[PDB]
Each structure stands twice: as structure tokens, then as C-alpha cells.
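Q: Starting off with a structure, shown below.
FYI the Cβ positions are ideal-geometry reconstructions off the backbone, even for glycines, and counts take in every protein chain you see. Laboratory data are not the source of any read-out in this text; all were calculated from the coordinates shown.
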Number of protein chains: 2
Amino acid sequence: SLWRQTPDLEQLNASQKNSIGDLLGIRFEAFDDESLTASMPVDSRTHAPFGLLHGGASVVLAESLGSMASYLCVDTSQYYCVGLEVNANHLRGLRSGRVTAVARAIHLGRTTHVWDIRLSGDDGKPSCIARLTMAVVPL
Amino acid sequence: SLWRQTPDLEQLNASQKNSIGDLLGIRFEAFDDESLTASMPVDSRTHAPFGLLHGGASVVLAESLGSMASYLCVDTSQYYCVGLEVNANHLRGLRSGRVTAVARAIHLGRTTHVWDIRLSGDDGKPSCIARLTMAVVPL
């Protein structure tokens, strides 16, 4: 019940067609009343030159997830949402498998949303934490 | 003379082979004694679903640029560098053309580097600003 629009995973995934999220293999995986989850492969598409997951790729995942979450929480006939501020601590390096991100709301205001996004590799250890501020903008 | 290793643009670009930077069309473009510059296309590879440059893609560019800059500033037989913290304000949306990033050093310490990275679209207006903290790590 965080959501205004009920998350439809197929449509979330489909909507990424011809964008970076599709290019990187980001997949919306699960949701509940308080969270939305997506994962992303750790391979050549997402590696930095030394074969570790690129820190910016973590942020593509987090910002893709957070911005999508914001879209599910506004009146889309009245508003759209763009990223305003993003930050992240890179905690542990990942070489293979997938990285999984979970987004939860810190604050959903009238003009801004703040999302807490937690990332971990397939061993379940925290790999990155991000905070995303979205701007809520009238068309 | 910021640099330890003199920037070699061809080799910088070549080193991205089979990583996200190659996948996204990031290109190292110029450097001087105080800065390093890379650009990235704004198109389907880098777009978010609404056809604007994905904010995370800005951060892939900034973090690619900053981490490469860090590699040019350490003793690579003694150390490597990984992203530690990154943050960015998204200032203006971009739909097409390229986005160009310039990295300058804020602080190069023994265990951390802080880089200031300024992004703009082809109209020269600031599109994003990032600050990147790299950790300098002994192999």
C-alpha cells in the first residue's frame, strides 16, 4: 500500500525496452506493500575494466529501481519524476553472479521522494547502499 | 603534472574493452596537467525509459572517468583503486547528443582520492555535478 499504481512486474520490465536498463539486464523481480526489488547481472556488461562490478552500474540499478518506484507512487496524469540527487557507498566488490537491490521509502513528499536502496550480491552480503532523491514534476 | 602515469587516450579507451564503458560508448577525449575529459552518447544505450539520459548513466561516466584518473595517479605496482563513495546532483535533462565530463582533483591523499566531476550536454550547460571518493588499496 505504499503504491498508487500496483506494481506489474511484466510491464515494469517491458517498459525498459530500448533503454539502459534493458541493455544492462536489469530485471524487476519482486515487490510487497513496502518495497520493490530488482536485480542486475555482474558480467562484462556491468564490469569496470578490472573485472569488478562498476560502481556506477550499482547506481544505474539503484536509480532505475528508485525512479520506477517513484513512478508507481505519483499521479502519472498530473506528474512525472526525475532524479534530483543520488549518492552511494560502495561496500564490497562483486565479480560474478547478480546484484540484487531493494528499495524502500524514506519520505514521499509532494515535491520530492527519498528512497533507501540496499544492494547485495548472491552471498547476501551488503555490496552497496544508495540514497536517491527524486523530484516530482508537473507536466 | 597531476598525473603519475601520463594519460594515453588510446590505451585508456582500449582498456575499456569488454566492460560497461565500452558498452555505453564512453570515450576518453582530452587531458591536461589538471584534468581528464571523457564523453558518452545520449541515446538508447544510456536513456532511462522516458527518453532522458539516465541519472545513473551520468554516474557511470563520472565514476569511469574518476576511477581512471585515480589509476593514473597511483603507483600501480603497489596499489589499485576502487570506488568508495559517489554522489551527484542531476541539474538538467538531456535527450540527445553527447554528455561531456571533466574530472579535476579535490584531494589526492595516501588512502583516498576525491574528484570533482562536471558534466554538460552539447549546449555547454551544466547537466550534472558529481563528487567521487576512491579508496587507494595495496594489492
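Q: Express the C-alpha Rg of chain A as a ratio against the empirical globular expectation 2.2 N^0.38 Å, rounded to two decimals.
A: So chain A has a normalised radius of gyration of 1.00.
Q: Treat every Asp and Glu Cβ in chain A as -1 and every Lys and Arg Cβ as +1, leave all other atoms uncharged, and give the resulting dipole magnitude about the Cα centre to the nearest 20 debye.
A: In total the dipole reaches around 340 debye.
Q: Something else: Every other copy gets compared here: list the nm distances from the B:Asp75 label point (7 Å along Cα to Cβ) to its counterparts, shortest first, one decimal.
A: 6.3
Q: Assigning unit charges at the beta carbon (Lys, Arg +1; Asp, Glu -1) and nothing else, what dipole magnitude in debye, to the nearest 20, does the protein assembly as shown show about its Cα centre?
A: Using Cβ point charges on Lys, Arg, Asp and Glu, the protein assembly as shown gives about 160 debye.
Q: Would you please state which residues of segment B:4-48 a label at A:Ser44 would reach in this model, taking the label point 7 Å out along Cα→Cβ and a backbone N cut-off of under 17 Å?
A: It comes to B:14-26, nothing else.
Q: Checking a compactness column here: for segment A:26-88, what do you get for Rg(Cα) / (2.2 N^0.38 Å), N being the number of residues?
A: That works out to 1.29 for segment A:26-88.
Q: Work out the charge dipole of the protein assembly as shown with +1 on the Cβ of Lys and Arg and -1 on the Cβ of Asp and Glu about the Cα centre, then indicate which of B:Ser39, B:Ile129, B:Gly109 is farthest towards its positive end.
A: B:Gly109
Q: Still on this structure, please answer the following. Taking amide hydrogens as modeled 1.01 Å from N in the peptide plane, which residues meet the under 5 Å criterion relative to A:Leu91, leaving out close sequence neighbours?
A: Residues meeting the amide H criterion: A:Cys128, A:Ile129.
Q: Moving on to the next point. Considering only the label points, 7 Å along Cα→Cβ from Cα, what distances in nm to one decimal separate B:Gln11 from the same position in each other copy, shortest first?
A: Copy-to-copy label distances for B:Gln11: 5.3 nm.
Q: Right, here's the next one. Non-local amide H neighbours of A:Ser19 (under 5 Å, H modeled in plane, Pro and chain starts lacking H): which ones?
A: Residues meeting the amide H criterion: none.
Q: Given label points at 7 Å from Cα along Cα→Cβ, what nm distances, shortest first, separate B:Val137 from the same residue in every other copy?
A: So the label point of B:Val137 gives 3.6 nm to the other copies.
Q: Taking each pair of distinct Cα atoms in the protein assembly as shown once, what is the resulting Kirkwood hydrodynamic radius in Å?
A: 18.6 Å
Q: What ranking, highest mean first, results for peptides B:22-29, A:13-20 when packing means the other Cβ atoms within 10 Å averaged over each residue?
A: So the peptides B:22-29, A:13-20, ranked by packing, come out B:22-29, A:13-20.
Q: Then there's this: Using a Förster distance of 51 Å, how high is the FRET efficiency between A:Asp75 and B:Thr111, based on the Cβ-Cβ distance and rounded to 0.05?
A: It comes out at approximately 0.60.
Q: Can you tell me the length gained on complete extension of the stretch B:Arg104 to B:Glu34, counting 0.36 nm per residue apart and subtracting the Cα distance?
A: Full-extension gain reported as 24.6 nm.
Q: Taking a ≥ b ≥ c as the square roots of the eigenvalues of the Cα gyration tensor of segment B:1-45, is the shape rounded (a/c under 1.5), prolate (a/b larger than b/c) or oblate?
A: It comes out oblate by the Cα gyration axes.
Q: Give me, ordered by chain and number, the residues 5 or more places off A:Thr112 or on other chains with an amide H under 5 Å from its own placed amide H.
A: Answer set, sorted by chain and number: A:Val136.
Q: Output ³J(HN,Hα) for segment B:31-38: one whole-Hz value per residue in order, computed from phi by the Karplus curve 6.51 cos²θ - 1.76 cosθ + 1.60 with θ = phi - 60°, and x for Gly and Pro.
A: For segment B:31-38, the Karplus-derived couplings read 8, 9, 5, 10, 7, 9, 10, 9 Hz, x marking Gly and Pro.
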